[PDB]
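> Numbered per the entry's author numbering, the sequence shown spans residues 702 to 748, 753 to 985. Cβ coordinates follow ideal geometry from the N, Cα and C atoms, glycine included. Before I ask anything, here is the structure I am working with.
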Amino acid sequence: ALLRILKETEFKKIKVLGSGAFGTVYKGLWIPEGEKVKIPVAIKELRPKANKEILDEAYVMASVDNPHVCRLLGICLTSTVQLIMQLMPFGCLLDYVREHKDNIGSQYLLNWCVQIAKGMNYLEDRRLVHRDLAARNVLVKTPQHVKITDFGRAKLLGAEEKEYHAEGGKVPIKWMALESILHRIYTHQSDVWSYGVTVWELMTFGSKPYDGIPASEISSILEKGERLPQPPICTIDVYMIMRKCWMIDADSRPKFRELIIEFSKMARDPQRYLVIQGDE
Ligand SMILES: *CCC(=O)N[C@@H]1CN(c2nc(Nc3cn(C)nc3OC)c3ncn(C(C)C)c3n2)C[C@H]1F
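Okay, structure coming up:
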């Protein structure tokens, strides 16, 4: 995987898919010059650094090549930065499980858990701390295949950095590990905490964590030992994996490699681990 530099004439925006503080995502078509091939893509236009700095960040970004992480295919630099990326036709996994909650079985849910863990393990191997893992930031290529993406919070650790020490940026409190809330510290193991919350979202078909509770009260609730409740469909074996992800000692938590193994085992006999009516 290498970085392509695109001219505006190469791609076109078809429609908005969503937006936020990061910018706007469009469904689009990319036609590389003279290649006569039309590629469906997602165009992320961000809301300045030197062009060479931006291209260097895009270079490392384009080298991320894994079945469960969304890839950067090209970049266009004009008055705005436009990142051309793989299109995930079914949108964010959060909305998907909410829409299809009545028709999703244990096999799909556990497979998604495996896939997200595989993508995160790949990021860890690349020394990337994601810092924003949540069901809204996992996207659906097909019902059977999901991919993680990033909207700016991910950070690359230096050779001798074991943690990222954050500054004043806005934080997704309800997905964060306690040490991140209290001390602005982020590691692969705080990503594991967020993975646990993401799995809880999936198993509750996209329910809201700490629903109706002010973000400002979350650290105190966590310090008292309280955690998100066991989802109705979860056998205790699955819930205990979540609970391990939310242990106060980051080194107590499973690593993504461990999570791949455990969820893969469960995925072999899915109805033994998630209890879903009509499944199957
Ligand atoms: C629940 C989170 C959410 O809605 N986030 C929006 C959507 N988004 C995004 N969407 C798609 N594809 C998509 C979404 N919908 C409704 N239809 C489609 O495609 C037909 C993406 N494909 C790729 N990416 C990123 C890698 C850029 C997508 N991002 C992010 C946010 F705007």
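In whole angstroms, give me the CA-to-CA distance for residue 926 and residue 765.
Their backbone Cα atoms lie some 38 Å apart in a straight line.
> Less than 8 Å between the CB atoms is what I'm expecting for residue 945 and residue 901, so what's the real figure, rounded?
Not really, about 11 Å apart at Cβ, beyond 8 Å.
> Give the DSSP-derived three-state secondary structure of residue 860 in the structure shown.
Three-state result, residue 860: strand.
> DSSP state of residue 741, grouped into three classes?
Note: residue 741 maps to strand in three-state DSSP.
> If we call anything under 8 Å between Cβ atoms a contact, is residue 841 one with residue 799?
It is a contact, given that the beta carbons lie within the stated cut-off.
> Please list, following the chain, all residues that have a C-beta closer than 7 Å to any non-hydrogen atom of ligand 1.
This selection yields 718, 719, 720, 721, 726, 728, 743, 745, 775, 790, 791, 792, 793, 794, 795, 796, 797, 799, 800, 841, 844 and 854.
> To the nearest angstrom, how far is it from the Cα of residue 828 to the Cα of residue 771?
Going by the C-alpha atoms only, they are around 9 Å apart.
> DSSP state of residue 888, grouped into three classes?
Three-state result, residue 888: helix.
> Here's the rule: buried if 16 or more other CB atoms are within 10 angstroms of the residue's CB, otherwise exposed. What is residue 778?
Flag for residue 778 reads buried.
> May I ask you to report which of helix, strand or coil DSSP gives residue 946?
Three-state DSSP puts residue 946 in a helix.
> Run the CB neighbour count on residue 729, radius 10 Å, all protein chains shown included, and call it buried at 16 or more, exposed below.
By the neighbour-count rule (16 or more Cβ atoms within 10 Å), residue 729 is buried.
> Of all the options 811, 795 and 748, which has the alpha carbon lying nearest to the alpha carbon of residue 804?
Residue 795 is the option with its Cα nearest to residue 804.
> Any heavy atom of ligand 2 inside 7 Å of the beta-carbon of residue 964?
This structure simply doesn't include ligand 2; it includes ligand 1 instead.
> Put residue 962 into one of helix, strand or coil per three-state DSSP.
In the structure shown, residue 962 sits in a helix (DSSP, three-state: H, G or I).
> Grab the span of the alpha helix (DSSP H) containing residue 921 for me, first residue to last.
Premise fails: residue 921 is in no alpha helix (DSSP H) and is neither H nor E.
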